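Participant:
2 protein chains.
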Amino acid sequence: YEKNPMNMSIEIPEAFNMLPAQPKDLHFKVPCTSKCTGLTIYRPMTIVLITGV
Amino acid sequence: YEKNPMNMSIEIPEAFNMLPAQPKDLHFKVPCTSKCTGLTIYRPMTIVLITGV
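In order, the protein sequences belong to chains A and B. According to full-length UniProt numbering, the first sequence is numbered sequentially starting from 267. According to full-length UniProt numbering, the second sequence is numbered sequentially starting from 267.
Here is the structure:
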């Protein structure tokens with residue numbers, strides 16, 4: 267393939283975050299969250315896959 | 267029995283504590299905890315029991 271942020275890209279609009287603890291009867295719970303997009307191919311052709319090697 | 271700190275003893279590693287209040291709607295819940303061990307008999311030759319009555 268040909269690497270270029272013009273044919274394919276991955277985006278992470280929000281990074282890893284940790285919210286404050288939420289106490290319960292003698293224990294806690296700490297949630298976590300983040301966002302992501304995934305790989306999007308813009309000019310589906312600049313990629314060649316060889317199968318069975 | 268004979269009362270002496272080197273013959274028997276009760277121990278309280280952690281005293282009585284009140285945890286911070288946990289709100290829930292228009293009321294609150296407050297938990298309380300403490301620790302204890304019991305009676306330990308270091309020298310058992312200084313105690314005599316009359317059981318039966």
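Virtual Cβ for every residue (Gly too), placed ideally from N, Cα, C.
Determine the closest residue to residue 280 of chain A out of A:307, A:301 and A:313, with distance taken between C-alpha atoms.
Facilitator: If we check each option's Cα against that of residue 280 of chain A, A:301 comes out closest.
Participant: Quick one: give me the first and last residue of the beta strand (DSSP E) that residue 293 of chain B is part of.
Facilitator: Taken as a continuous stretch (DSSP letters only), the beta strand (DSSP E) holding residue 293 of chain B covers 293–295.
Participant: Of the residues that make up the segment 284–301 of chain A, which ones have a beta carbon closer than 7 Å to any beta carbon in chain B?
Facilitator: Listed by position along the chain: 289, 291 and 292.
Participant: Which of the three DSSP states is assigned to residue 279 of chain A in this structure?
Facilitator: The answer is coil: DSSP assigns residue 279 of chain A none of H, G, I, E or B.
Participant: Counting beta carbon pairs with one atom in the segment 285–298 of chain B and one in the segment 305–314 of chain A, are three or more of them shorter than 8 Å?
Facilitator: With a cut-off of 8 Å, the segment 285–298 of chain B and the segment 305–314 of chain A do not count as touching, because too few Cβ pairs lie within range.
Participant: So, with DSSP's three-state summary, where would you put residue 311 of chain B?
Facilitator: In this structure, residue 311 of chain B counts as helix in the three-state DSSP scheme.
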